[PDB]
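The chain below stands alone, shown as structure tokens; this is the form deposited in one PDB entry.
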């Protein structure tokens, strides 16, 4: 042979890369060995390492012991050569030529070497780049590669210790196979055999999004998974600055021509991950010169309706991409249901959203890291004080919490293989099963046991934002079929307003501009304000509250479909309200002893959602601001009263709870009225009897690639929350940006 015996090689007469032997053939050799179309090695050099009597046999056996321990892939001289002998390839640093050069065999490539390389740098640019370089760009080129590239010293490696390196794009021979410089809430990768955790990715498996966008790696994914995994790690170790191709390339360390493929591909993958919002997001803001996506994406215009978390998330993204965005907001402020009172001494208290439920991988957690801000993790302790002063017996709460969960356990048994039509309110179902235990057991509940049960139901009502007789037994917890956000529940101490303001910074936002009509029967979208001002763009994104879609505040033309409307009306616009009280001194410290909150056992069944729980707004235990919630039927019981009457009502409750002392009068308070705020009229969505969690998906479907929908009530995995809304913003920005 003076030619390659592998089917279809573009090399009629090959050169050896290795030079391991003195007997290294330009010339004839029994067999050539094919690694790539531009890269071959002779049988002398093959014998050099493979054969006992030869010199390189030492190296190869050493290497094959290491490779068998760490990796799953089979040791072989081909493998050895690809891992250990093939030359490195480096592009030039200087922008004039940027030509790819081969390094001499005796030199190991490193990040700093690849950062600062000019043509012919021994430890010049007029010489023409190697023939094989342009051939690397061909489709089939990757097809004629014996082995998938394996990366050396990958930033992702510490994160991936539980996997075999080769099963995940990495070299099992690399010495460098909670990490330093990484937030405890950033866990981007699933561990092997780990149950559902929100936003995690499998490092060894392409996701469906990735398969559809990159179907060429359906056959062989390992080059993809290596580069994705690297990028994710680069992003999560340095999430305050834009990840760019320039910053990635120095971390791709693999020998051979395949390195050039890697470098060219890393750019497409990066843009895909940016658009999707997996990388280069949060409150990262880019300067006016720079944009996160290339000029191709920029010939699009968007108007975004609503400037809550959903509308702001989408705006920020699209802005950062280089797309033209303008935001129209009904109120005289941004934030929607994020609205923070800054006027209390020391602490900061939200009128809407303030807790984060599950920080791990939560985009809110990433934004807190970016702005260097604090989250207070909630403690477990919450004692239930009764109207009178008696902290409930520990063995009473424990067992009523048990009984409560068993009811729900019976509900989920009941609901199997039922249909929307067979559905029934969760509240009815609960009490039915409740009466059954009474009857079939014979044992009855005391007045206290009953009161403590009621507290637990009110927590459900708080969670749903409704009386349980409105909430679907079949589907109330639908979203839990999906992976939820793991980790800490935290109080967001400086408030979500810091985040909301940062997101908003330097965007085209029009306040006091409610939209009245949206016309998309034309070529352009036509958007009209209540006063009459007109805006037009190629695409529009509605992010208004569920309750306003239900009231039909906006005229759509064409109207929404009967399907969309059935979706919209099958969900409930849930409601809670809050009260915040200031005091001169912390009157609860003695009794409460530094818990984040304390319970309140409802005196009667009909007073159930009336200040069920009081939150201590100072993690520092210095200031005296309490916060409390009104939920369920209690919200109805408070519709008529004015703030003062409510405040008194709250005060009656506190003096009864803290009987054994003098309760000081409040110096400062607010009472929230979200339900009557004409542009909001709710706190969060929930599934009504008869409904399905598919409603979210339906509400989320764009009309004719021009009208798009984001928001709290469009996020099936993560309904109700700032995180959910934010993520729906990022999801829609991604579709809008596409093509």
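Positions refer to the first chain, counted from 1.
This protein has a second form, the form solved in complex with a partner chain, left out of what is shown; the following refers to that one.
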- Task: Please pick, from 432, 589, 480, 505, the one residue with any non-hydrogen atom lying within 4.5 angstroms of the partner chain in the deposited bound form.
- Result: 480
- Query: Of 294, 664, 111, 196, which one comes within 4.5 Å of the partner chain in the deposited bound form, counting heavy atoms only?
  - Reply: 196
- Segment that reaches the partner chain in the deposited bound form - one of 535-543, 207-215, 102-110, 238-246, heavy atoms within 4.5 Å: 207-215
- Message: Is it the case that residue 669, even though its partner is missing from this view, gets within 4.5 Å of the partner chain in the deposited bound form, heavy atoms only?
- Response: no
- Message: Can you tell me if residue 149 lies within 4.5 angstroms of the partner chain in the deposited bound form, counting non-hydrogen atoms only?
- Response: no
- Query: Heavy atom to heavy atom, is residue 718 within 4.5 Å of the partner chain in the deposited bound form?
  - Reply: yes
- Message: Taking the partner chain as it sits in the deposited bound form, is residue 272 in contact with it (heavy atom to heavy atom, 4.5 Å or less)?
- Response: yes
